[PDB]
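Shown next as structure tokens: one chain only, the form deposited in one PDB entry.
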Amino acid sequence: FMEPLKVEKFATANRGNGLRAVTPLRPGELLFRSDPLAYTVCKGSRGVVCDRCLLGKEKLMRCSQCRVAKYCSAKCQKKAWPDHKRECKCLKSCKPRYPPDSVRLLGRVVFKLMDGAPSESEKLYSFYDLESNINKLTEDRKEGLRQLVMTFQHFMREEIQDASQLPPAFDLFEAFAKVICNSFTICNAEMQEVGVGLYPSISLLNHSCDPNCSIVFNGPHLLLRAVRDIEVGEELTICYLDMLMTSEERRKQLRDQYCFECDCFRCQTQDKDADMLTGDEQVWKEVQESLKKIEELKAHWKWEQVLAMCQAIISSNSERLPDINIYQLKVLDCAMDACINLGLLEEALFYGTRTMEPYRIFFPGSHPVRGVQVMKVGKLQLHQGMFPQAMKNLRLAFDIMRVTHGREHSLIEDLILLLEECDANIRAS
């Protein structure tokens, strides 16, 4: 009921500020929970999940005024009103255009800065403390930031007309630099992207391709946990990137977006790069290309389109391109997720099983994305009466997620129940 702060801000040798433990930490230990300073649904999910709680409830009611924001209840619509009142007229005026996520997010940020009532999200680090990397920014990035600025000014014109209507310390250009640099993709239960937010305190964490911490979201609520034994004074790290990336791809996105090159052992040794790019470049690069179109359809929840593209690609390469190739792998993943959202459970189990061994290799021992994946496969097996396999995978998912999601998490509750149902049928038959 009164757990003490187990982490603290500190200055690193080279990585700027960071976060480190003040006490020894066990895997699964909760380090920090934070509400966002500000957050918003991402473009692809507007109208599919509740603007407030980010859950994908079946039937949503749109805000009468703007008909852009949608809510799962009067409760959520009311609770979100402080975050929505200053943007509503802006969204109405914008139609049929919709602003970029960063512009809508920042639009929420500026009013929260005036709050005056201390934000629990800024307990260790404020919005103004956030790194902007302005000195390191390329000219190409600065031009883009300038565009975001002008877009902001147009999008907000009904509510903000001059710099004097915002705090003086605030600077719009530097703000977008910070947003690009410090924002978090908010994922749901099934590890789907549903939103984006600023979590200034959490933003203290520096990057590693081999992190000692993981993050999982409870709606907009962010939970930070250790995923292995951490010593006193040891820097806490998370992974800014998708795990299914070559060391070259990671080096590029960390540079273009975060203005630094990673020096972790995985990046110094090109760890697992070979396996990732298994197969002939002439073959998998077509897949890599298609992946863009597919991921955009997935973001917009177009599962029928996603499935169509995937099984086309999948069947087309079955004779020459192995599942462990990360681009092929991603397609199998998308295919699986699509089948699940379309009730095609047997087909889902087919694609999902094929992701299992590659996921074990490419993901660390305890990673939330792997855990949830293993959970889905076990469930799909359970639904097909393949009890002993299901039992194996359900146990594994529990083993992982009790560390990544924590025991108190709702998915653990389902998991336990599934474990019982499954372990019964074993002794029974």
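By rigid core we mean the largest C-alpha set that fits within 1.5 Å across both forms. The numbering used is simple: start at 1 and walk along the sequence shown.
Note that the form solved in complex with a small molecule isn't included here; everything after this is about it.
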Exercise for review: State the residue from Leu105, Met309, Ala189, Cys94 whose non-hydrogen atoms include one within 4.5 Å of the small molecule in the deposited bound form.
Suggested key: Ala189
Practice item. Select from the listed residues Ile340, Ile230, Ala175, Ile314 the one whose heavy atoms reach within 4.5 Å of the small molecule in the deposited bound form. Key: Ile340
**Study point:** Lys70: touches the small molecule in the deposited bound form, heavy atom cutoff 4.5 angstroms
**Key:** no
Review point. Contact between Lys379 and the small molecule in the deposited bound form at 4.5 Å, heavy atoms?
Key: yes
Check your understanding: Does any heavy atom of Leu411 come within 4.5 Å of a heavy atom of the small molecule in the deposited bound form?
Key -> yes
Practice item. Please run the contact check for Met375 against the small molecule in the deposited bound form: heavy atoms, 4.5 angstroms, yes or no? Key: yes
**Study point:** Region of this chain that lies against the small molecule in the deposited bound form, out of 314-322, 165-173, 268-276, 340-348 [heavy atom, 4.5 Å]
**Key:** 340-348
Check your understanding: With the rigid core superposed, which of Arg320, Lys85, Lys252, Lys136 has its C-alpha shift by 2 Å or more between this form and the one not shown?
Key -> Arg320
Exercise for review: Spell out whether the Cα of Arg407 moves at least 2 Å between this form and the one not shown when the two forms are superposed on their rigid core.
Suggested key: yes
Check your understanding: After superposition on the rigid core, does the Cα atom of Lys95 shift by at least 2 Å between this form and the one not shown?
Key -> yes
Revision key, fill the gap. With a difference of at least 3 Å, the CA distance of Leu307 and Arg320 in the deposited bound form shows the atoms closer
**Study point:** Closer or farther in the deposited bound form, the Cα atoms of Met309 and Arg320, when the shift from this form is 3 Å or more
**Key:** closer
